[PDB]
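*Asks:* Handing over start-v2.txt, compact mmCIF, C-alpha atoms and all ligand atoms.
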```
# COMPACT_ATOMS: atom_id res chain seq x y z
CA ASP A 1 113.38 98.25 77.21
CA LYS A 2 114.13 95.85 80.10
CA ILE A 3 116.89 98.38 80.80
CA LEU A 4 114.70 101.48 80.20
CA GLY A 5 111.94 100.04 82.42
CA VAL A 6 114.20 99.08 85.34
CA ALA A 7 116.05 102.41 85.19
CA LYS A 8 112.81 104.41 85.48
CA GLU A 9 111.84 102.28 88.50
CA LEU A 10 115.30 102.76 90.04
CA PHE A 11 115.52 106.49 89.21
CA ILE A 12 112.04 107.09 90.64
CA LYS A 13 112.56 105.15 93.90
CA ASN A 14 116.26 105.86 94.53
CA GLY A 15 118.42 108.72 93.21
CA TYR A 16 120.20 109.37 89.91
CA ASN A 17 123.62 108.87 91.48
CA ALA A 18 122.20 106.25 93.89
CA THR A 19 121.29 103.93 90.99
CA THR A 20 124.30 103.00 88.84
CA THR A 21 124.65 100.92 85.66
CA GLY A 22 125.89 98.07 87.86
CA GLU A 23 122.62 97.88 89.80
CA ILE A 24 120.51 98.49 86.65
CA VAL A 25 122.11 95.59 84.75
CA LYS A 26 121.87 93.23 87.74
CA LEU A 27 118.19 94.25 87.94
CA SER A 28 117.39 93.10 84.36
CA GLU A 29 120.01 90.36 83.63
CA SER A 30 121.04 91.85 80.22
CA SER A 31 124.82 92.23 80.66
CA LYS A 32 126.67 95.57 80.70
CA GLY A 33 127.65 95.23 77.01
CA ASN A 34 123.95 95.24 76.06
CA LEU A 35 123.72 98.74 77.58
CA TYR A 36 125.34 100.30 74.50
CA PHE A 37 122.43 104.75 74.57
CA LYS A 38 126.16 105.48 75.05
CA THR A 39 126.59 106.82 78.61
CA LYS A 40 124.53 106.77 81.84
CA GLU A 41 123.41 110.24 80.78
CA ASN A 42 122.11 108.96 77.43
CA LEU A 43 120.22 106.15 79.15
CA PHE A 44 118.64 108.66 81.55
CA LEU A 45 118.11 111.43 78.97
CA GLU A 46 116.31 108.82 76.84
CA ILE A 47 113.99 107.96 79.76
CA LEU A 48 113.08 111.62 80.25
CA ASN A 49 112.23 111.83 76.56
CA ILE A 50 110.01 108.73 76.87
CA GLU A 51 108.30 109.89 80.07
CA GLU A 52 107.89 113.49 78.90
CA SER A 53 106.04 112.08 75.88
CA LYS A 54 103.94 109.50 77.77
CA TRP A 55 102.79 112.52 79.79
CA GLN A 56 102.30 114.77 76.72
CA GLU A 57 100.16 112.02 75.11
CA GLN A 58 98.09 111.55 78.30
CA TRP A 59 97.59 115.33 78.38
CA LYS A 60 96.22 115.34 74.81
CA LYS A 61 93.92 112.42 75.69
CA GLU A 62 92.74 114.41 78.76
CA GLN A 63 92.69 118.06 77.56
CA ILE A 64 89.31 117.63 75.82
CA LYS A 65 87.77 118.11 79.29
CA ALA A 66 88.96 121.75 79.07
CA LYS A 67 86.61 124.00 77.06
CA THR A 68 88.75 127.16 77.13
CA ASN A 69 92.53 127.64 77.18
CA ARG A 70 92.01 129.13 80.64
CA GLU A 71 90.60 125.75 81.61
CA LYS A 72 93.36 123.98 79.65
CA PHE A 73 95.96 125.80 81.79
CA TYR A 74 94.29 125.10 85.20
CA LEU A 75 93.87 121.47 84.18
CA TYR A 76 97.36 120.85 82.80
CA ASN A 77 98.79 122.03 86.11
CA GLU A 78 96.22 120.00 88.10
CA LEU A 79 97.06 116.86 86.12
CA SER A 80 100.79 117.47 86.70
CA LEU A 81 100.30 116.69 90.39
CA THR A 82 98.41 113.43 89.71
CA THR A 83 100.26 111.97 86.68
CA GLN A 84 102.56 108.95 86.81
CA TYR A 85 104.86 110.38 84.13
CA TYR A 86 107.93 112.65 84.11
CA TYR A 87 107.10 114.69 87.21
CA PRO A 88 108.11 111.75 89.49
CA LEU A 89 111.61 111.84 87.96
CA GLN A 90 112.23 115.52 88.76
CA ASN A 91 114.28 114.69 91.86
CA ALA A 92 116.51 112.66 89.56
CA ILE A 93 116.41 115.43 86.95
CA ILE A 94 117.62 117.97 89.55
CA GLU A 95 120.33 115.65 90.87
CA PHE A 96 121.30 115.13 87.21
CA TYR A 97 121.79 118.85 86.45
CA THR A 98 124.36 119.23 89.24
CA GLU A 99 126.28 116.02 88.47
CA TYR A 100 126.77 117.23 84.85
CA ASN A 101 122.78 121.72 75.66
CA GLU A 102 122.14 118.80 73.27
CA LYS A 103 119.14 116.39 73.42
CA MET A 104 118.34 118.47 76.55
CA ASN A 105 117.30 121.40 74.34
CA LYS A 106 114.70 119.30 72.48
CA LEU A 107 113.28 118.18 75.85
CA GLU A 108 113.09 121.59 77.57
CA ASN A 109 111.09 122.75 74.52
CA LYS A 110 108.80 119.69 74.54
CA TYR A 111 108.49 120.40 78.28
CA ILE A 112 107.30 123.99 77.70
CA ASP A 113 105.38 123.20 74.50
CA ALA A 114 102.09 122.48 76.31
CA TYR A 115 102.09 126.03 77.71
CA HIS A 116 103.19 127.49 74.37
CA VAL A 117 100.11 126.05 72.68
CA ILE A 118 97.86 127.18 75.55
CA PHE A 119 99.14 130.78 75.50
CA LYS A 120 99.32 130.96 71.67
CA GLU A 121 95.82 129.57 71.06
CA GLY A 122 94.92 131.80 74.02
CA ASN A 123 95.95 134.91 72.08
CA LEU A 124 94.15 133.62 68.97
CA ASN A 125 91.09 132.88 71.18
CA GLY A 126 91.55 136.37 72.70
CA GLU A 127 91.45 135.19 76.34
CA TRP A 128 94.45 137.46 77.15
CA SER A 129 97.22 139.45 75.40
CA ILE A 130 100.65 137.97 76.20
CA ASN A 131 103.33 139.18 73.76
CA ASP A 132 106.39 137.14 74.88
CA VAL A 133 104.98 133.61 75.14
CA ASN A 134 108.36 131.86 75.38
CA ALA A 135 109.10 133.73 78.59
CA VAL A 136 105.67 133.09 80.09
CA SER A 137 105.71 129.44 79.00
CA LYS A 138 109.10 128.75 80.61
CA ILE A 139 108.03 130.65 83.73
CA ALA A 140 104.66 128.90 84.02
CA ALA A 141 106.16 125.48 83.33
CA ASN A 142 108.93 125.81 85.88
CA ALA A 143 106.75 127.46 88.55
CA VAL A 144 104.31 124.59 88.18
CA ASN A 145 107.17 122.09 88.34
CA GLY A 146 108.16 123.80 91.58
CA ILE A 147 104.69 123.49 93.06
CA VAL A 148 104.58 119.81 92.07
CA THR A 149 108.10 118.86 93.14
CA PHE A 150 108.69 120.99 96.25
CA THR A 151 105.49 119.72 97.92
CA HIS A 152 105.67 115.95 97.11
CA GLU A 153 104.96 114.70 100.64
CA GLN A 154 101.94 116.64 101.98
CA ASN A 155 98.22 115.87 101.42
CA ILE A 156 97.36 115.49 97.71
CA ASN A 157 94.17 117.61 97.80
CA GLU A 158 95.89 120.53 99.45
CA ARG A 159 98.40 120.20 96.58
CA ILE A 160 95.57 120.36 94.05
CA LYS A 161 94.09 123.33 95.95
CA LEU A 162 97.39 125.26 96.00
CA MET A 163 98.07 124.65 92.30
CA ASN A 164 94.65 126.05 91.38
CA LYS A 165 95.09 129.09 93.60
CA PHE A 166 98.35 129.44 91.65
CA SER A 167 96.83 128.99 88.18
CA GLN A 168 94.29 131.66 89.16
CA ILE A 169 96.91 134.17 90.31
CA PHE A 170 99.05 133.54 87.24
CA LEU A 171 96.37 133.86 84.58
CA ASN A 172 94.78 136.80 86.37
CA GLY A 173 98.31 138.22 86.23
CA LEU A 174 98.68 137.93 82.45
CA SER A 175 95.28 139.45 81.61
CA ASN B 1 132.89 125.08 120.33
CA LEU B 2 133.53 121.41 119.46
CA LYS B 3 129.86 121.32 118.45
CA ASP B 4 130.52 124.32 116.19
CA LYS B 5 133.87 122.93 115.03
CA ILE B 6 132.19 119.62 114.15
CA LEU B 7 129.49 121.54 112.26
CA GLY B 8 132.00 123.85 110.55
CA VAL B 9 134.34 121.05 109.52
CA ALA B 10 131.37 118.91 108.47
CA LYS B 11 130.01 121.76 106.35
CA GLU B 12 133.31 122.14 104.49
CA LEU B 13 133.64 118.37 104.07
CA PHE B 14 130.11 118.18 102.66
CA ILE B 15 130.82 121.15 100.38
CA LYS B 16 134.11 119.52 99.36
CA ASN B 17 132.98 115.90 98.83
CA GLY B 18 129.15 115.81 98.99
CA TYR B 19 126.84 114.28 101.59
CA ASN B 20 127.15 110.57 100.88
CA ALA B 21 130.94 110.62 100.51
CA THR B 22 131.63 112.49 103.78
CA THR B 23 131.99 110.07 106.68
CA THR B 24 131.44 110.57 110.39
CA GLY B 25 135.03 109.50 111.03
CA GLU B 26 136.29 112.25 108.77
CA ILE B 27 134.16 114.82 110.58
CA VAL B 28 135.34 113.36 113.89
CA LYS B 29 139.09 113.15 113.23
CA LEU B 30 139.31 116.42 111.28
CA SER B 31 137.52 118.34 114.05
CA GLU B 32 139.69 116.73 116.75
CA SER B 33 136.61 115.26 118.40
CA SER B 34 135.18 111.74 118.84
CA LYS B 35 132.51 109.49 117.32
CA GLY B 36 131.09 109.56 120.86
CA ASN B 37 130.75 113.35 121.05
CA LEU B 38 129.34 113.48 117.51
CA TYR B 39 126.74 110.91 118.55
CA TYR B 40 125.89 112.88 121.68
CA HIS B 41 125.27 116.11 119.77
CA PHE B 42 123.71 114.81 116.55
CA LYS B 43 123.15 111.01 116.80
CA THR B 44 123.55 110.55 113.04
CA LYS B 45 125.17 112.11 109.98
CA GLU B 46 121.61 112.83 108.80
CA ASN B 47 120.82 114.97 111.83
CA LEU B 48 124.28 116.54 111.83
CA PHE B 49 123.58 117.67 108.27
CA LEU B 50 120.13 118.89 109.38
CA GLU B 51 121.64 121.23 112.00
CA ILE B 52 124.10 122.42 109.34
CA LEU B 53 120.97 123.24 107.35
CA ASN B 54 119.29 124.82 110.44
CA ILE B 55 122.27 127.10 110.75
CA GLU B 56 122.30 127.90 107.04
CA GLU B 57 118.62 128.84 107.15
CA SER B 58 119.35 131.06 110.16
CA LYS B 59 122.25 132.62 108.25
CA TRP B 60 120.02 132.99 105.21
CA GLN B 61 117.30 134.76 107.21
CA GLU B 62 119.95 137.12 108.59
CA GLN B 63 121.10 138.05 105.08
CA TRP B 64 117.50 138.80 104.19
CA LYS B 65 116.87 141.01 107.25
CA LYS B 66 119.89 143.10 106.17
CA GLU B 67 119.42 142.79 102.39
CA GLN B 68 115.68 143.68 102.42
CA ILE B 69 116.45 147.32 103.36
CA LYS B 70 117.17 147.80 99.63
CA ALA B 71 113.43 147.05 99.15
CA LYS B 72 111.10 149.78 100.46
CA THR B 73 107.68 148.34 99.61
CA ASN B 74 106.58 144.75 100.12
CA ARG B 75 106.08 144.61 96.34
CA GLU B 76 109.74 145.48 96.07
CA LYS B 77 110.69 142.96 98.78
CA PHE B 78 108.83 140.22 96.86
CA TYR B 79 110.76 141.10 93.70
CA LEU B 80 114.06 141.07 95.61
CA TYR B 81 113.61 137.92 97.67
CA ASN B 82 112.98 135.99 94.46
CA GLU B 83 116.09 137.42 92.79
CA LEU B 84 118.22 136.59 95.84
CA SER B 85 116.72 133.11 95.98
CA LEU B 86 117.83 132.61 92.37
CA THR B 87 121.15 134.45 92.37
CA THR B 88 122.45 133.48 95.82
CA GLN B 89 121.69 129.82 95.14
CA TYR B 90 123.53 129.88 91.81
CA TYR B 91 126.86 129.99 93.69
CA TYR B 92 125.70 128.18 96.86
CA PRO B 93 128.20 125.40 97.65
CA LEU B 94 125.99 123.32 99.95
CA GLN B 95 123.29 123.28 97.23
CA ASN B 96 124.73 120.04 95.82
CA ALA B 97 124.95 118.26 99.20
CA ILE B 98 121.38 119.47 99.78
CA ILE B 99 120.10 117.95 96.54
CA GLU B 100 121.99 114.76 97.35
CA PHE B 101 120.70 114.68 100.92
CA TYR B 102 117.11 115.44 99.94
CA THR B 103 116.79 112.91 97.13
CA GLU B 104 117.54 110.21 99.70
CA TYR B 105 115.87 111.04 103.01
CA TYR B 106 112.62 112.52 101.61
CA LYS B 107 110.98 109.08 101.72
CA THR B 108 111.87 109.11 105.47
CA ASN B 109 109.26 111.16 107.40
CA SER B 110 111.20 111.72 110.65
CA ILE B 111 113.74 113.58 108.48
CA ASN B 112 111.18 115.04 106.03
CA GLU B 113 109.31 116.55 109.00
CA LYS B 114 112.49 118.36 110.01
CA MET B 115 113.14 119.40 106.39
CA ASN B 116 109.69 120.99 106.19
CA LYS B 117 110.45 122.75 109.45
CA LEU B 118 113.38 124.23 107.46
CA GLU B 119 111.42 124.89 104.26
CA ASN B 120 108.59 126.48 106.26
CA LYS B 121 111.14 128.93 107.64
CA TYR B 122 111.85 129.95 104.04
CA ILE B 123 108.13 130.25 103.31
CA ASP B 124 107.82 132.53 106.36
CA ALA B 125 109.72 135.23 104.47
CA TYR B 126 106.88 135.40 101.92
CA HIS B 127 104.30 135.23 104.70
CA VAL B 128 105.76 138.45 106.09
CA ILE B 129 106.04 140.13 102.69
CA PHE B 130 102.38 139.38 101.91
CA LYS B 131 101.03 140.18 105.42
CA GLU B 132 102.76 143.60 105.57
CA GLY B 133 101.53 144.15 102.01
CA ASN B 134 97.95 143.62 103.20
CA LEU B 135 98.47 146.10 106.04
CA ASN B 136 99.89 148.62 103.54
CA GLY B 137 97.18 148.00 100.95
CA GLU B 138 99.65 147.04 98.25
CA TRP B 139 97.26 144.15 97.73
CA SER B 140 94.47 142.14 99.37
CA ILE B 141 95.35 138.52 100.01
CA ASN B 142 92.70 136.86 102.17
CA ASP B 143 94.40 133.45 102.04
CA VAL B 144 98.02 134.47 102.83
CA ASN B 145 99.25 131.11 104.14
CA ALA B 146 98.41 129.48 100.79
CA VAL B 147 99.73 132.28 98.56
CA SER B 148 103.03 132.16 100.46
CA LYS B 149 103.42 128.41 99.96
CA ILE B 150 102.70 129.02 96.26
CA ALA B 151 105.13 131.92 95.79
CA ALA B 152 107.90 130.04 97.61
CA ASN B 153 107.35 126.87 95.58
CA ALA B 154 106.83 128.67 92.27
CA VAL B 155 110.14 130.49 92.86
CA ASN B 156 111.87 127.24 93.88
CA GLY B 157 110.76 125.65 90.62
CA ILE B 158 111.95 128.64 88.63
CA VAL B 159 115.22 128.58 90.54
CA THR B 160 115.81 124.84 90.24
CA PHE B 161 114.43 123.85 86.81
CA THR B 162 115.66 126.83 84.73
CA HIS B 163 119.24 125.42 84.75
CA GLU B 164 119.71 125.25 80.94
CA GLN B 165 120.15 129.07 80.65
CA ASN B 166 122.38 132.16 80.95
CA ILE B 167 122.29 133.79 84.40
CA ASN B 168 121.24 137.23 83.09
CA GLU B 169 118.17 135.71 81.41
CA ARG B 170 117.05 133.77 84.51
CA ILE B 171 116.95 137.00 86.49
CA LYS B 172 114.87 138.47 83.63
CA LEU B 173 112.40 135.59 83.90
CA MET B 174 112.31 135.49 87.71
CA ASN B 175 111.44 139.20 87.67
CA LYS B 176 108.88 138.59 84.92
CA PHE B 177 107.35 135.94 87.15
CA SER B 178 107.52 138.33 90.09
CA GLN B 179 105.67 140.83 87.91
CA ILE B 180 103.02 138.41 86.64
CA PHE B 181 102.40 136.94 90.08
CA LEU B 182 101.93 140.18 92.04
CA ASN B 183 99.78 141.52 89.20
CA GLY B 184 97.30 138.68 89.67
CA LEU B 185 96.52 139.41 93.32
CA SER B 186 95.01 142.86 94.00
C1 LIG C 1 121.76 129.22 103.12
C2 LIG C 1 120.76 129.40 102.00
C3 LIG C 1 121.20 130.05 100.86
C4 LIG C 1 120.34 130.25 99.80
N1 LIG C 1 120.83 130.89 98.71
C5 LIG C 1 119.02 129.78 99.89
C6 LIG C 1 118.11 129.95 98.84
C7 LIG C 1 116.80 129.48 98.95
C8 LIG C 1 116.39 128.83 100.10
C9 LIG C 1 117.28 128.65 101.15
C10 LIG C 1 118.61 129.12 101.07
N2 LIG C 1 119.49 128.94 102.10
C11 LIG C 1 119.09 128.25 103.34
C12 LIG C 1 119.18 126.74 103.12
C13 LIG C 1 118.71 125.99 104.36
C14 LIG C 1 118.32 124.55 104.03
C15 LIG C 1 116.82 124.36 103.75
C16 LIG C 1 116.55 123.92 102.32
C17 LIG C 1 116.55 122.40 102.18
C18 LIG C 1 115.15 121.79 102.36
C19 LIG C 1 114.75 120.88 101.20
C20 LIG C 1 114.09 121.66 100.06
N3 LIG C 1 113.64 120.72 99.02
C21 LIG C 1 112.36 120.31 99.03
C22 LIG C 1 111.36 120.79 100.06
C23 LIG C 1 111.89 119.42 98.07
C24 LIG C 1 112.74 118.94 97.09
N4 LIG C 1 112.23 118.07 96.18
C25 LIG C 1 114.07 119.36 97.08
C26 LIG C 1 114.96 118.90 96.11
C27 LIG C 1 116.29 119.31 96.10
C28 LIG C 1 116.72 120.20 97.06
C29 LIG C 1 115.85 120.67 98.03
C30 LIG C 1 114.50 120.26 98.07
```
What does the file become when written as structure tokens?
Ligand SMILES: Cc1cc(N)c2ccccc2[n+]1CCCCCCCCCC[n+]1c(C)cc(N)c2ccccc21
*Replies:*
Amino acid sequence: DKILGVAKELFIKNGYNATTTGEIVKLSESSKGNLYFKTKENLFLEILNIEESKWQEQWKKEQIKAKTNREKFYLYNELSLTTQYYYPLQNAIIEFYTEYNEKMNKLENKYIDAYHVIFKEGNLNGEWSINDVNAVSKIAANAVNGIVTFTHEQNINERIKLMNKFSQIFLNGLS
Amino acid sequence: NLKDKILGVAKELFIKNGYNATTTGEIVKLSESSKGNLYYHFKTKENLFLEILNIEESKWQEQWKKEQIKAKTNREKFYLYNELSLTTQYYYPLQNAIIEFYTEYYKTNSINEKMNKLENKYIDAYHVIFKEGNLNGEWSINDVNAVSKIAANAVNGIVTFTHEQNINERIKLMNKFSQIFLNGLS
């Protein structure tokens, strides 16, 4: 945990490659032997799992505010911009994909799961008629991740504005 | 020419060994130039890499001006541009030295300003697609500058975060997105 906490801080601030197990160990005393997650990957892939969940929990605690699935969608994407979980590691996560199908598969599904529920319960609630949810969930998720990640610099309220103009276009698109 | 040769050699070096690993001395010696001349044209490795990127955007835009003839309507151009963005990046060699470079100088605003200059140039492609689409009545976007930024960044996310998939599927999705997106505009 002293490892897992320092890593997150190092992976968020500096890169994936730019923070190595040398600097992580020196950051939390616990000697290199203690770091045995097997590889640097495993350490990192474990953090993503943690953070993806800390987000997914926060989303459940905050989705009550949404009455309809339409609102659930809008909101989920809005919250993605503001959260302190997962989405601030996406630079690392990108840098990770270049530098290297396993525990990754269980994450990518947990990552799209929030949209799966929304679109599934959305068909049950009759708000739209999407027939291939897995496609639309992976699309929506990644598009959103794009809007969050490829604008992390400019004014936060513009960001929120853009994401909502997105959510509108997308949902309107499905229906 | 020694500006171009520096750029060209630098590009290959970056492609070959990444951004961080490539030194200025390498670029210098391999291009039969000088640290002095490199400094006079680019000041830093960071800027040198930025001009490499400026060129690559210019080259990209040229591809698009030629490639977009295969797309008659702006609806078609939107579909295409997104495919290209996905496909052409899949085998883009600088893409790794870009990721490296970005996830390093994005906290620095002097650089990040110049990188948005670049990224805005990419967004411009969508701005044109949407604008001409308004003029042709393929759709009615009142807020084009926003919709462009969205399209571009939605496609970037699809391009970048899909990674765990087969390349024939990604195209399927990217086109599905292209479909869904356009069909929520009118
Ligand atoms: C040649 C060429 C070839 C292509 N297939 C191509 C495809 C799409 C766009 C440009 C292309 N170009 C042109 C490439 C010119 C360079 C401009 C793009 C770099 C600007 C930074 C973009 N960026 C931002 C904003 C935010 C991020 N978190 C981030 C993370 C990782 C990587 C990039 C990031």
*Asks:* Show me, as a list in words, the residues that have an atom within 8 Å of residue 185 in chain B when counting only C-alpha atoms, minus same-chain residues fewer than 4 positions from it.
*Replies:* residues 169, 172 and 173 of chain A; 139, 140, 141 and 181 of chain B
*Asks:* List the neighbours of residue 80 in chain A out to 10 Å using all atoms listed in the file; skip same-chain residues closer than 6 positions along the sequence, and give me the result as a list in words.
*Replies:* residues 55, 59, 86, 87, 88, 144, 145, 147, 148, 149, 160 and 163 of chain A
*Asks:* Separation of CA of residue 15 in chain B and CA of residue 92 in chain B, in Å?
*Replies:*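 Those two atoms sit 9.4 Å apart.
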*Asks:* Quick one: distance from CA of residue 103 in chain B to atom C6 of ligand LIG 1 (chain C) in Å, one decimal?
*Replies:*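 Going from CA of residue 103 in chain B over to atom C6 of ligand LIG 1 (chain C), I get 17.2 Å.
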*Asks:* Using all atoms listed in the file, pick whichever of B:8, B:25, B:36, B:184 has the shortest atom-to-atom distance to chain A.
*Replies:* B:184
*Asks:* Have a look at A:29, A:153, A:62, A:52 and name the one nearest to residue 108 in chain A; count all atoms listed in the file.
*Replies:* A:52
*Asks:* One decimal, Å: what's the distance from atom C7 of ligand LIG 1 (chain C) over to CA of residue 121 in chain B, could you say?
*Replies:*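 Straight-line distance from atom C7 of ligand LIG 1 (chain C) to CA of residue 121 in chain B works out to 10.4 Å.
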*Asks:* Give as number ranges by chain every residue of chain A that touches chain B within 9 Å, counting only C-alpha atoms.
*Replies:* A: 13-18, 90-95, 97-99, 101, 104-105, 108, 135-136, 138-153, 161-163, 165-166, 168-175
*Asks:* Measuring atom to atom with only C-alpha atoms, identify which of A:76, A:119, A:96, A:85 is nearest to residue 19 in chain A.
*Replies:*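 Looking at the shortest contact to residue 19 in chain A, the residue is A:96.
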*Asks:* Once you count all atoms listed in the file, which residues end up no further than 12 Å from (109.5, 131.5, 107.3) in the file's frame, shown as a ChimeraX atom specification?
*Replies:* /B:57-58,60-62,64,116-130,145,148-149,152
*Asks:* Under the rule that all atoms listed in the file are counted, which of B:111, B:53, B:167, B:94 is the nearest residue to ligand LIG 1 (chain C)?
*Replies:*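 So, comparing all the options, the nearest one is B:53.
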*Asks:* Extending 5 Å beyond the listed atoms of ligand LIG 1 (chain C) on each side, what axis-aligned box results? I want centre and edge lengths in Å to one decimal, as JSON.
*Replies:*
```
{"center_x": 116.6, "center_y": 124.5, "center_z": 100.2, "size_x": 20.4, "size_y": 22.8, "size_z": 18.3}
```
*Asks:* Choose the residue, out of B:46, B:56, B:83, B:76, that has the smallest atom-to-atom separation from ligand LIG 1 (chain C); count all atoms listed in the file.
*Replies:*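 For ligand LIG 1 (chain C), the nearest of the given residues is B:56.
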*Asks:* Got a sec: who's within 12 Å of range 70-72 of chain B, counting only C-alpha atoms, leaving out chain neighbours fewer than 4 positions off, as an NGL selection string?
*Replies:* :B and (63-66 or 76-81 or 83-84 or 129 or 132-133 or 136 or 138)
*Asks:* Okay, now the selection with C-alpha atoms, as a CSV table (one decimal), in the coordinates of the input?
*Replies:*
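Output file selection-v4.csv is given in full below:
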```csv
chain,number,residue,atom,x,y,z
B,63,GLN,CA,121.1,138.0,105.1
B,64,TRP,CA,117.5,138.8,104.2
B,65,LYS,CA,116.9,141.0,107.2
B,66,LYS,CA,119.9,143.1,106.2
B,76,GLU,CA,109.7,145.5,96.1
B,77,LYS,CA,110.7,143.0,98.8
B,78,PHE,CA,108.8,140.2,96.9
B,79,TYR,CA,110.8,141.1,93.7
B,80,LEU,CA,114.1,141.1,95.6
B,81,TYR,CA,113.6,137.9,97.7
B,83,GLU,CA,116.1,137.4,92.8
B,84,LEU,CA,118.2,136.6,95.8
B,129,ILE,CA,106.0,140.1,102.7
B,132,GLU,CA,102.8,143.6,105.6
B,133,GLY,CA,101.5,144.2,102.0
B,136,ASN,CA,99.9,148.6,103.5
B,138,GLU,CA,99.6,147.0,98.2
```
*Asks:* With all atoms listed in the file as the atoms that count, which of B:135, B:171, B:30, B:115 lies nearest to residue 73 in chain B?
*Replies:*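 Of all the options, B:135 lies closest to residue 73 in chain B.
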*Asks:* Using all atoms listed in the file, which protein or nucleic acid residues come within 6 Å of range 121-129 of chain A? Drop anything in the same chain fewer than 3 positions from it, and give the result as number ranges by chain.
*Replies:* A: 69, 117-118, 175
